[PDB]
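J.: Pasting in a structure now, in structure tokens, and then I'll have a few things to ask.
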Amino acid sequence: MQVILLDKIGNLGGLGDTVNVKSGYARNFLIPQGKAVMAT
RNA sequence: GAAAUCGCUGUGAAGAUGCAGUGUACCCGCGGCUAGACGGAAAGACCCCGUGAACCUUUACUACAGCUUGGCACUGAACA
């Protein structure tokens, strides 16, 4: 799942950086807590 | 099934009231008996057969449930 980082993450990347993540990571952590968003 | 429904010896789908030969025998009840009518009853349970049935068994066949194995999904993050 491609996601836009709304903040800096340890390994993923920096704010505004697009990265593929596992859908669990996005669904269950990054997106719910506002650390990223769906890269529509 | 219908009967005017005797014995014997023989005959005969092979154990005869009913055929042959023969012997006996007036017609009809009632009380008794059960030898025969292969008496009545139940389309033999025995036995065989049907490419019949059922239920039961198992290391018969083929399946399935259940149980179990791994892959994938739901399922992510850091390090080593």
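Residues are referred to by chain and number: the chain letter is A, B, ... according to the order shown in the structure tokens, the number counts from 1 in that chain, and ligands are numbered separately from 1 in the order shown.
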At most 8 Å is the cut-off: for each residue in chain B with any atom that close to an atom of chain A, write down the nearest atom pair and the distance in Å rounded to one decimal, counting only C-alpha atoms (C1' of nucleotides), chain first then increasing number, as a Markdown table.
T.:
| residue | atom | partner | partner_atom | distance |
| --- | --- | --- | --- | --- |
| B:75 | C1' | A:24 | CA | 6.5 |
| B:76 | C1' | A:25 | CA | 5.1 |
| B:77 | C1' | A:25 | CA | 7.7 |
J.: Near residue A:15, counting only C-alpha atoms (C1' of nucleotides), which residues have an atom at most 6 Å away, once you skip same-chain residues fewer than 4 positions from it, shown as number ranges by chain?
T.: A: 5-8
J.: Which of chain A end up as helix (DSSP H, G or I) when DSSP is run on this backbone - answer as a VMD selection string?
T.: chain A and resid 23 to 30
J.: What gap, in Å, lies between atom CA of residue A:31 and atom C1' of residue B:72?
T.: 25.1 Å
J.: Mind checking DSSP for chain A and telling me the strand (DSSP E or B) residues as JSON, numbers by chain?
T.: {"A": [2, 3, 4, 5, 18, 19, 20, 36, 37, 38]}
J.: One number please: atom CA of residue A:30 to atom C1' of residue B:80, in Å, one decimal.
T.: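 Interatomic distance here is 25.1 Å.
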J.: State, in Å with one decimal place, the distance from atom CA of residue A:9 to atom CA of residue A:37.
T.: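 Rounded to one decimal, the two atoms are 12.9 Å apart.
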